[PDB]
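**Q** Sequence, then the experimental structure. Questions to follow.
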Amino acid sequence: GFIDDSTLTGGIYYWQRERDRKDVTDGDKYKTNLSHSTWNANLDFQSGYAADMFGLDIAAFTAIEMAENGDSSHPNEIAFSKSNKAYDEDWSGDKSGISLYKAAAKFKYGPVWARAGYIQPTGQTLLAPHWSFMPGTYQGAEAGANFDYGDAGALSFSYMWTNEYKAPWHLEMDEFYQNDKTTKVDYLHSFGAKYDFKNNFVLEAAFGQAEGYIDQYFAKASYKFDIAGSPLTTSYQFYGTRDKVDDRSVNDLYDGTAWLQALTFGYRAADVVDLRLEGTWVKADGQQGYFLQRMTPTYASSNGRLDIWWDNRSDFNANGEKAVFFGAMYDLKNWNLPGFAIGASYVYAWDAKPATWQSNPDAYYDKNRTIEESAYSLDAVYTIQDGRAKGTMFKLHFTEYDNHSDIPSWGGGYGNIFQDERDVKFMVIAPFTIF
Ligand SMILES: [Pt+2]
Ligand SMILES: [Pt+2]
Ligand SMILES: [Pt+2]
Ligand SMILES: [Pt+2]
């Protein structure tokens with residue numbers, strides 16, 4: 001039937017983290033950076049469509065701190081930051097709370113669809129939320145269409161407009177601002193599309209804008225062919241960004257177009273090991289010196305689509321940087337341990353340049369310098385195969401990151417690079433269905 005085609009789901013999440021970082025300015029001491037244990041739990045109601053045209057979605061989640069070390073920095077992004085609004089962030093605490101993260105009317109008419117309210121991007125644009133356990137929330141609306149041409153392929157495109165955002169670690173929405181936190185950005189919007197040729201070749205691209213400030217670009221080619229009866233997946237991705245403020249002020253981020261280009265190769269060997277080989281290439285001349293996939297520069301103020309994620313702490317998005325990643329996920333099912341997996345991954349990055357200019361350079365600022373970053377991580381995963389708690393997943397991740405330079409964190413004209421690090425994450429994820 002219609003709106004009593006509804007569903008009600010949710011989950012309970014546990015997160016325990018210990019991360020420390022090298023302090024080059026205090027005798028190379030590795031010091032406590034993050035140390036906490038936090039709970040999350042959510043509830044998600046999604047209606048059917050009445051007359052196949054009208055629906056309602058409502059969802060909320062809560063964070064409840066258990067443990068926190070005194071020397072832990074903030075925000076840890078799992079709890080709520082003590083600062084409700086992103087542009088008020090002052091880095092001094094975390095707290096418990098309840099946040100309404102979905103609150104939307106949804107519509108369907110023919111091949112057309114729309115959502116308006118408290119929403120996440122779901123179509124073809126380059127707007128995106130941050131993801132903790134739960135996603136961030138935009139205030140705005142999205143509309144799109146899907147046109148199926150059978151074997152000829154299928155086309156879909158969509159448009160999203162928004163004027164406020166909250167990251168999953170913020171209890172309230174905030175408006176958008178330039179890099180100075182005071183010049184107003186009236187809205188973010190984005191149009192994008194996707195063509196599926198039905199031959200395992202897919203094209204996607206999208207254009208975005210932050211009103212009066214930034215133009216953002218996305219493009220991705222995907223292909224899947226079989227080698228030895230198993231799919232080898234491949235893709236080239238292009239991410240670019242431009243601003244409209246070239247006057248050497250605090251708001252001028254990029255000289256000329258900034259971009260990140262990526263190549264992707266994936267393959268499952270012997271139906272038992274997931275294999276990843278990926279590389280990225282970044283250009284970011286100007287004052288910032290690193291690429292951002294989001295159209296607002298301030299931390300947590302918005303987010304954009306980025307299909308590249310290596311879970312090795314660094315962003316590897318510095319001005320000249322080139323980087324390579326290999327990861328292996330070994331399914332232990334043939335040791336008769338189905339649902340256990342173990343993995344390791346490794347990143348090496350070189351040719352990392354700093355910003356091309358600085359208004360307040362520091363002692364380490366050398367415009368022609370290049371540095372290298374590297375990292376490796378180990379992974380252990382277990383999903384409960386059956387019983388009362390079938391689906392419950394336990395996860396343990398360890399990362400060691402090395403900077404390869406004596407430059408203290410955030411210094412030397414590398415605004416998005418921190419010092420050497422060892423990070424350990426343990427999470428439990430326990431879904432549930434009410435309807
Ligand atoms: Pt606290
Ligand atoms: Pt420009
Ligand atoms: Pt500029
Ligand atoms: Pt180092």
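**A** Thanks, I have it. Residues are numbered from 1 along each chain as shown. Ligands and ions are numbered 1, 2, ... in the order given.

**Q** Get me the contact residues on the stretch 301-435 of the chain for ligand 4.
**A** With C-beta under 5 Å from the ion as the criterion, the stretch 301-435 of the chain meets ligand 4 at residues 402, 403, 420. In short, each C-beta sits where N, CA and C put it, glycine included.

**Q** Apply 6 Å and report the result again.
**A** Within reach of ligand 4 by C-beta under 6 Å from the ion, the stretch 301-435 of the chain has these residues: 402, 403, 404, 420.

**Q** Find the closest residue to ligand 4 in the stretch 51-200 of the chain.
**A** Of all residues in the stretch 51-200 of the chain, residue 73 sits closest to ligand 4, at 20.0 Å by C-beta to the ion.

**Q** Pretty sure that residue sits against residue 34.
**A** Yes - between residue 73 and residue 34 there is a contact at 6.4 Å, judged by C-beta atoms under 8 Å.

**Q** neighbour count winner among these two?
**A** Taking other C-beta atoms under 10 Å, residue 73 and residue 34 do not tie; residue 34 has more neighbours (21 against 16).

**Q** Nearest spatial neighbour of the residue of the stretch 51-200 of the chain closest to ligand 4, chain-adjacent residues omitted?
**A** Once flanking residues are discounted, residue 73 sits nearest to residue 33: 5.7 Å by C-beta to C-beta, 6 or more residues apart in numbering.

**Q** On the secondary structure side, give me the element for that neighbour.
**A** Here residue 33 sits within strand 29-46, counting by DSSP states H and E.

**Q** So what are the sheet partners of that strand and their directions?
**A** strand 7-23 (antiparallel), strand 54-68 (antiparallel) (DSSP bridges).

**Q** can you map out the strands along the stretch 151-300 of the chain?
**A** 154-166, 176-177, 184-185, 188-196, 201-210, 214-227, 230-243, 258-269, 273-283 (DSSP state E, counting those that start in this stretch).

**Q** Nearest approach to ligand 4 belongs to which of those?
**A** Comparing the strands of the stretch 151-300 of the chain by C-beta to the ion, strand 273-283 comes nearest, at 20.7 Å.

**Q** for the closest one, the distance to its chain's centre please.
**A** From the chain centre to the centre of strand 273-283 is a distance of 16 Å (C-alpha atoms, centre = their mean, to the nearest Å).

**Q** Pull out the buried residues from it.
**A** 276, 278, 279, 280, 282, 283 (16 or more other C-beta atoms under 10 Å).

**Q** Show me the contact partners of the one helix or strand residue 140 maps to.
**A** Using DSSP H and E, residue 140 sits in strand 137-148. Residues from elsewhere that reach strand 137-148 (C-beta atoms under 8 Å, 6 or more residues apart in numbering): 99-103, 111-125, 127, 129, 154-166, 173, 187.

**Q** cutoff 6 Å now
**A** Strand 137-148 is contacted by residues 101, 111-116, 118-119, 123, 154-156, 158-162, 164-166, 173 when judged by C-beta atoms under 6 Å, 6 or more residues apart in numbering.

**Q** do stretch 149-163 as well
**A** 121, 123-125, 127, 138, 140, 142-144, 146-148, 187-191, 193-198.

**Q** Generate the PyMOL command that creates a selection of the buried members of those.
**A** Listed next is the PyMOL selection for buried residues among the contacts of stretch 149-163, using 16+ other C-beta under 10 Å:
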select buried, resi 121+123+124+125+127+138+140+142+143+144+146+188+189+190+191+193+194+195+196
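
**Q** Get me the contact residues on the stretch 101-250 of the chain for ligand 3.
**A** Counting by C-beta under 6 Å from the ion, the residues of the stretch 101-250 of the chain close to ligand 3 are 243, 245, 246.

**Q** The first one: neighbour count?
**A** Here the count is done by other C-beta under 10 Å, and residue 243 has 26 residues near it.

**Q** Name the nearest residue to residue 407, ignoring sequence neighbours.
**A** residue 364 (4.9 Å).

**Q** Compute the first-to-last residue distance for stretch 375-395.
**A** The straight-line separation of the ends of stretch 375-395 (C-alpha to C-alpha, to the nearest Å) is 19 Å.

**Q** Quick check: the gap between the closest residue to ligand 4 within the stretch 1-150 of the chain and residue 74.
**A** Residue nearest to ligand 4 within the stretch 1-150 of the chain: residue 22 (6.9 Å; C-beta to the ion). Per C-beta to C-beta, to the nearest Å, residue 22 is found 20 Å from residue 74.

**Q** out of the two, which sits in the busier spot?
**A** residue 22 (23 against 20).

**Q** Show me which of the contacts of strand 137-148 are buried.
**A** If we count by 16+ other C-beta under 10 Å, these have these buried: 101, 113-116, 118-119, 123, 154-156, 158-162, 164-166, 173.

**Q** List the residues that contact the residue nearest the centre of the chain.
**A** Nearest to the geometric centre of the chain sits residue 130, at 5.3 Å (C-alpha atoms, centre = their mean). Counting by C-beta under 6 Å, 6+ apart, residue 130 touches 136, 167, 303.

**Q** Which of those are buried, as a PyMOL select command?
**A** Buried subset of those, written as a PyMOL selection, criterion 16+ other C-beta under 10 Å:
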select buried, resi 136+167+303
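
**Q** quick check, nearest of the contacts of residue 130 to ligand 3?
**A** After measuring the contacts of residue 130 against ligand 3 - C-beta to the ion - the closest member comes out as residue 303, at 21.3 Å.

**Q** Neighbours of residue 234, how many?
**A** That count, for residue 234 with other C-beta under 10 Å as the rule, works out to 17.

**Q** right, and the secondary structure at the closest residue in space to residue 172 that isn't next to it in sequence would be what?
**A** Nearest residue to residue 172 in three dimensions, chain neighbours excluded: residue 84, at 4.1 Å (C-beta to C-beta, 6+ apart). The assignment at residue 84 comes out as coil when based on DSSP: H, G, I helix; E, B strand; the rest coil.

**Q** How about the backbone phi and psi for residue 84?
**A** The phi/psi pair for residue 84 (degrees, to the nearest 10) reads phi -70, psi -40.

**Q** roughly how far apart are it and residue 300?
**A** 12 Å.

**Q** What of residue 433?
**A** If you measure residue 433 against residue 300 using C-beta to C-beta, the figure is 31 Å.

**Q** so what's residue 377 up against?
**A** Per C-beta under 6 Å, 6+ apart, neighbours of residue 377: 312, 345, 398, 399.

**Q** Nice, that's everything, thank you.
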